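Report on the structure
The primary structure of each chain is shown beneath.
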Amino acid sequence: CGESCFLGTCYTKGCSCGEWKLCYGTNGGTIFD
C-alpha cells in the first residue's frame, strides 16, 4: 500500500504498517503493498 504510517497507523483499511515502516494490505487474506 502506498500508505504513510509516519506515526504508526495507516489510513487505508487493511493496510498494516509493516516493520519496514510500510503498510501492507491484507484484506480477505489478500496481501498487497
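Residues numbered from 1 in each chain as written, not as in the entry; some residues may be left out. Heavy atoms only, no water.

- Method information in the entry identifies solution NMR as the source of the structure.

A look at the environment of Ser16
- With respect to the helices and strands, the residue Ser16 is situated in strand β1 (residues 15-18).
- What makes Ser16 partly exposed here is its relative accessible area of 45%.
- Between the C-alpha atom of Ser16 and that of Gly2, which follows or precedes it by 14 residues, the distance is 11 Å.
- The contacts of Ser16, once residues within four sequence positions are left out, are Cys10, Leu22, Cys23, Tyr24 and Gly25. (Helix = DSSP H or I, 4+ residues; strand = E, 2+ residues; numbered from the N terminus. Buried < 20%, exposed > 50% of the residue type's maximum accessible area, 1.4 Å probe, protein only. Contact = heavy atoms within 4.5 Å.)

Structural notes on the pairing of strand β2 (residues 22-27)
- Pairing of β1 with β2 involves 4 bridges; the strand directions are antiparallel. Paired with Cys15 across the two strands is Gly25, which belongs to β2.
- Here β1 folds back onto β2 in antiparallel fashion, the turn holding 3 residues, of which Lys21 has a positive phi close to 50 degrees.
- Across 3 bridges, β2 lies against strand β3 (residues 30-32) in antiparallel orientation. The residue of β3 that forms the bridge with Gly25 is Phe32.
- Hairpin connection of β2 to β3: 2 residues between the antiparallel strands, including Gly28 at a positive phi of 60 degrees. (Pairing = 2+ DSSP bridges.)

Some words on the sheet that holds β3
- One open sheet holds the 3 strands; their spatial order is β1-β2-β3, and the pairing between them is antiparallel. The strands lining the two open edges of the sheet, one partner per strand, are β1 and β3. Averaged over all neighbouring strand pairs, the angle between strand axes comes to 30 degrees, with direction disregarded. (Axes fitted to C-alpha atoms, helices over the stretch in contact; angles between N-to-C directions.)

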